[PDB]
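1. Experimental coordinates follow, after the sequence.
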Amino acid sequence: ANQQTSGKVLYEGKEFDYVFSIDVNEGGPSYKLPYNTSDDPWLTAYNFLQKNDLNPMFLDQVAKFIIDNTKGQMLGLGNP
Amino acid sequence: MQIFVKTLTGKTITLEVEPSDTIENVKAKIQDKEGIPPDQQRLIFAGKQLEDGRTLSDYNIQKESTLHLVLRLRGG
């Protein structure tokens, strides 16, 4: 229990560590994935999936962004 | 018709294909332009994976739409 990050973003009515903006196809409405520093990419993806009622195919799509974030592909590693 | 394929990183690419073009050929176009293997290339539209046996018209894809380009999750 140390995920009290200074940078907390509030989406709709809740504060989280990272809120990724994911589009469905059109501009509005846009979806925000509330990810926590101490959460598993697949867990958060699934949590959001059942929360906003999405298709299982969306799991990999949203989880990949979370995975790649921690993977640091578009950052320069930094996992170990 | 042209679709805006948004890569995982957020980079949006423009692909110019015909409505009668099957998803497999569409994948091949990106395979030649950007150089992304069709088997590892995962295209998701509205939460549905674009099957090679379908076309843009089959999925009722409107022009100037935002698509999502994802990579394979597992290798085998």
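-> Ah, there it is. Numbers count the residues shown, from 1 in each chain, chains lettered A, B, ... in the order given.

2. What distance do you get for the nearest residue to residue B:2 once chain neighbours are set aside to chain A?
-> Counting by Cβ to Cβ, 6 or more residues apart in numbering or on different chains, residue B:2 lies nearest to residue B:16, which is 5.1 Å off, once chain neighbours are set aside. No exception for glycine: its C-beta is placed from N, CA and C like everyone else's. Distance check for residue B:16 against chain A: by Cβ to the nearest Cβ, to the nearest Å, it reads 19 Å.

3. Looks like residue B:16 contacts residue B:4 (just checking).
-> No - the pair residue B:16 and residue B:4 does not pass the contact test of Cβ atoms under 8 Å, sitting 11.2 Å apart.

4. if you count what's nearby, which of the two comes out ahead?
-> More neighbours surround residue B:4 than the other of residue B:16 and residue B:4, with 16 against 10 (other Cβ atoms under 10 Å in any protein chain shown).

5. Give me the nearest residue to whichever residue of chain B sits closest to chain A, chain neighbours excluded.
-> Taking Cβ to the nearest Cβ, chain A has its nearest neighbour within chain B at residue B:47, 3.7 Å off. On the basis of Cβ to Cβ, 6+ apart, the spatially nearest residue to residue B:47 that is not a chain neighbour turns out to be residue A:55, at 3.7 Å.
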